[PDB]
Structure formats: C-alpha cells, structure tokens
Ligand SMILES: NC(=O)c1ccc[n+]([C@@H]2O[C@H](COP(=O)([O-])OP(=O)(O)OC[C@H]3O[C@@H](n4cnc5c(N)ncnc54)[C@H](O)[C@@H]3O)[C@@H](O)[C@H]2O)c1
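The chain below stands alone and is given as structure tokens, in the form deposited without nicotinamide-adenine-dinucleotide.
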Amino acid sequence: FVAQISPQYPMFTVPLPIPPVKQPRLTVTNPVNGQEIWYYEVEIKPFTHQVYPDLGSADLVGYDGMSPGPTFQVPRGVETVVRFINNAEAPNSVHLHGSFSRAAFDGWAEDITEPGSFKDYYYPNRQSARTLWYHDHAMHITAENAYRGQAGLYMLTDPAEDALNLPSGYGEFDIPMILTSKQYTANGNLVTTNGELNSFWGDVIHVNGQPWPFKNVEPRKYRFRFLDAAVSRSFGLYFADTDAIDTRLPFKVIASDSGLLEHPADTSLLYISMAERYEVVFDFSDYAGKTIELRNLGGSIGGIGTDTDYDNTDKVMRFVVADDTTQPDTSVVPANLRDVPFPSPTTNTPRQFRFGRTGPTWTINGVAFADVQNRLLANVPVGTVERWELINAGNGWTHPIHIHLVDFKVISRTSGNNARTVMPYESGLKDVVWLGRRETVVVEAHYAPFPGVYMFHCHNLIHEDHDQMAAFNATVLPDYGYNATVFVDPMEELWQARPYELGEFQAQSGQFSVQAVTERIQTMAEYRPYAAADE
C-alpha cells in the first residue's frame, strides 16, 4: 500500500451516525384511485461539517443539508412525489436508483434542475422490497455532486416480508452502511474530484459520512444494509476479530440490489462495487466481549480490482460487542426468503457492449455520452427479455455497470485471470454488476414495463463523467396507449424543472401552498404514469 495523504484521523473514536428518516410534508388524494400519495420536499443546499475535530471544516452540498441525505421509508403500493429543490450552486439531476421510474422521473443526465428551480419526481414504489438509493446524476458533474454529498437511502418495504422475522428496527438492529472513500486537505476540507480523469480512489473510508467510526453492539444478530456510494473505490468486505485480523468471519447475505435472495448466501468475503447494495445479517453472538473490525481486502480487492490501497483503507469500522443482550434475540434468518421473479429465459445471442477507453475518454463500444448522434446504442421493444454481454477486456481498470429501468439476473462471469465466476450473493436480481479485471458478464433482463429512453453506464463516477454512458430506447408501437407519447422522452417539457422563489418555499405559500401542491400532484396523477405495471 501507499502512504496516506489525508491528515491523520482519530480512528474508531466517533460513533456510527444514522441518517434520520425523511418524513413526508403531507399526503394528496389520487383522484384516479382514491389512494393517498405521499409528498416530500427536499432542499439541496450547501453546508459545512467538521470531519476532523482539530482542523477546519469541510464544504459539502447535500439533500436537506446533510450527507448522507435523509432515509426514505416507503411501503409498496404507496406512490410518492418528491420535490427536489435546488438551493445550491450547481445543477442537479436526481436518480432513484433501483426504481422503474418513467424516463422523465429517472434522473436522465441532461434533465437538470438549475439553482433557483425545483423538479417534482413521481415514483411508483411497486417493485419488490429493496434498498434503493437516490443520488445525483447531472451530466459531467455527477462525480463531484455525489462526492460532496448528494446521495441518500430509500427503503421500499413490504409487510409480507415481516413474517420472515429478520433483525429489525431502523437504527436498532437494521443498520444502514453507506460506504464512501474520500481525500482531505491539510486543513480538513475535501480534496475535489475535479480534474481527475482516471479514478478518484480516496484514502479515508467513511460509513454514513463518518471516517472510521465505531458502534457498540449487542451479542446478537444485526441486519446491515451495505451500499457502495464511493466515487471510484470498490470493496472486498470482511469481518475479523481484532485478535485475529486476517481471519475472515462467516456471515449471511440476504439481499442484493433488487431485493431478497431466494436463500441466504453463506459468505466470508463480500465483493461490492460502486452503486451495488447488499444486505447482510451478522451474528455477534459468538463474539461477546470482543471487538470485530469491518475490513477491506487489500491488493486491489484481492486482484479483482485495480484500486490504489493506502495505509488505512483496509479499515472500515469497529464493532465493540457487549457481554450480553438487553433483550433476548428473537429474530431469525429463514432458509427460504422469497421466490425471486426471474425473467423468462432466452436463447437469443446476447447484445454486446465493450467497456474500455478511447484515448483518455472512458467509452462504450467506442462511444461517449456527449456524442448525441451515436449514444443511443440499443432499441428494445417493451416486454422483450434480452441478454447483454458486458465486456471488460482490460486488465488495467474495472467497471460496475448499471442498467436503468430493469432488474437483471447474472447469467455468467468469465475472468481472464481465472479469479472468480458468478458469486453466491449474485444468485438473485441485481441492477449493477462489477466487471473486474478481464471480466465478461452476461446478464438477462425483462425490458419492461414502461417505454422510454433510459441510461446505462459504468458507475465509477469518474469514468461516468468522462464519458462512459449510453442510452437504450424501450420502444412501443403507435397503438400502445398508456399516454406513452408524453412519457418516453426524458426531456419532456411537461415534467421539466420549474423556477421558484425562496420566500414562497419558506412561507409554504404560492407554488408551495397545500392547494397548489395538491392540484399539481392530482394533475400529474391523471396522466397515469405507472398504470402499465398494474395489469
């Protein structure tokens, strides 16, 4: 490893913070079905926070002026409208990662909101229970917007999964674990990602926005919701007793990007790359009175990646395990979690997408996103199941690939270094898959249920910004209906950002009056954006 560049930090001295739950402002009755739609207001604004206790503070920009943004908790079947208000200094575009939103509510990179404007995002919340996350996607400034704080968690819940009796209680035994990797100046401010064209690895590991924290835990089971929200750093996570720091302790993975696995996957090492979500149950029962360190495999994630490793990037956080529990642990991890809704399999030859570099620019089949005339790389009729072959021929870089709209099954992985194939925790449904060194992955997806133009890209945010993103069009015929003509173009004027005055927001009047919000949402709802999922 390489010497740390950021100032020395007081390791494992600050408790793991938990982002607060985001509460809706009000609900609006949907005239179509008489259901309540939950309406939220999120203010994107600059803020500072004192990351290094004995230095200066860091400049950030976040949802509701915090990083991570607040955590949404939404039950399946409840539609939501979130008004993302830009009261900051650069444009934004919000992507709810994990949601089959319509194209104009999906965070298309050109679909920006300027400072002094807001955009209303209408979300369906119909998919399987899963850990989604919302984050910036504005063209060519995504890495810095995310880095400086525009990412938060969004939990879609299902009461039918209650009976599973998994470890529960947000911030109690259900713990968000948002990972980031950054670098700090000598006075404790952030080093900018601007100017970086290869990757911004970072030498300070954060969980939920906090460098190298600790958490006091009871000797029992916890559900951890891991999310790699870093700009460029991938992880190989493992747990180890501080008395045997090299010995990986077993745990279970219970969910991936799109929701629960069919069965828990017994795991001692969890590969997790940018934008991937995995939910883990760890049992601290056997480690009462010990300290368990969450660590990160070195040698560039054990040869799967190419990331630079530093003095302390092998460390994530510490769990200090109590002698005994306060209450008995009545939670379980069932052998059978759910039936996973895999798409009907196809034998058609996969579509092929090569992720590489064309000179300094990161590209897809030699194309960059700025190239408007060539960036639409696939037309797929709505309802088609397709396999895509995702190729990383290079040994010098890696790419976690995200395909919007869909959930996909990971069919195969080859490695030119023979390092791995499909992992056990990739057994279910995902929407990001890591192309490690010399890896080719085939995925299978139902391109459904909504027509429109959607993105796919590498989710290394440096690669993404420069310029590794393309589009596909999920297409329908002229007689399809469902108001498709106003929902296929992500830049559709009907759904564009709107200017606001700060005073009317603060006074909750005008555009922000109960009447105006109610009427705006009821009118949106009349277009019935998500009806095709209700067949």
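The first residue of the sequence shown is number 1, and the count goes up from there.
This protein has a second form, the form deposited with nicotinamide-adenine-dinucleotide bound, left out of what is shown; the following refers to that one.
* Asked: Looking at 218-226, 338-346, 78-86, 392-400, which one sits within 4.5 Å of nicotinamide-adenine-dinucleotide in the entry with it bound if you count heavy atoms only?
  -> Within 4.5 Å of the partner lies stretch 392-400.
*Counting non-hydrogen atoms within 4.5 angstroms of nicotinamide-adenine-dinucleotide in the entry with it bound, say which of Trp362, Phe105, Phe72, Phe282 makes the cut.*
The residue in contact is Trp362.
Name the residue from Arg357, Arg126, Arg413, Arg248 that puts a heavy atom within 4.5 Å of nicotinamide-adenine-dinucleotide in the entry with it bound.
-> Residue within 4.5 Å of the partner: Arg357.
Review point. Hey, in the entry with it bound, does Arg438 get a heavy atom within 4.5 angstroms of nicotinamide-adenine-dinucleotide?
Key: Answer yes; at least one heavy atom of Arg438 falls within 4.5 Å of nicotinamide-adenine-dinucleotide in the entry with it bound.
| said: I'd like to know whether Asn198 contacts nicotinamide-adenine-dinucleotide in the entry with it bound, with contact meaning heavy atoms within 4.5 angstroms. | reply: Flag for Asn198 set to yes.
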